[PDB]
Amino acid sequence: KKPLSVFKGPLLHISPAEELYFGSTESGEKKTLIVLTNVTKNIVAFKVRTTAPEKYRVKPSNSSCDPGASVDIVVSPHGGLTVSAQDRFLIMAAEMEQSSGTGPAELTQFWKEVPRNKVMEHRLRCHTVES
């Protein structure tokens, strides 16, 4: 078969690997997907960042992924706004402790404490909309 477009790192496998392509939904909106897969034995906390925070809905954008599990990130531009080839997305990932919390205040404290050399990052680029 065809190999899946997936970036592989030591914490997460990310699909697609580099280029984000947006499609049209039956509910009348543009939408792309970012699938994260935790390939470690511990919880991986992740955050999603973008160069155009005013343009895109990103859900989830500040959460965590259980070991062995996958998380789908739904990205959709707001109505009337167009996708730009300069729009980029940043995936920040860091491995959490064995008995670490995943609630809002625990995630805030984790990212305030984690040393920056243990934070893995991967960038994605948006492609212009085709229809």
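Numbers follow the displayed sequence, beginning with 1.
- Two stretches are in play, 98-106 and 56-64, and the higher mean C-alpha B-factor belongs to 98-106.
- Sorting the modelled residues of the chain by their CA temperature factor places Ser70 in the middle third.
- Sort the modelled residues of the chain by CA B factor and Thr51 lands in the middle third.
- Per the deposited record, the Cα B-factor of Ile43 falls in the middle third when ranked against the other modelled residues of its chain.
- Among all modelled residues in its chain, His13 ranks in the middle third by Cα B-factor.
- Among the modelled residues of its chain, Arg116 has a C-alpha B-factor that falls in the highest third according to the deposited record.
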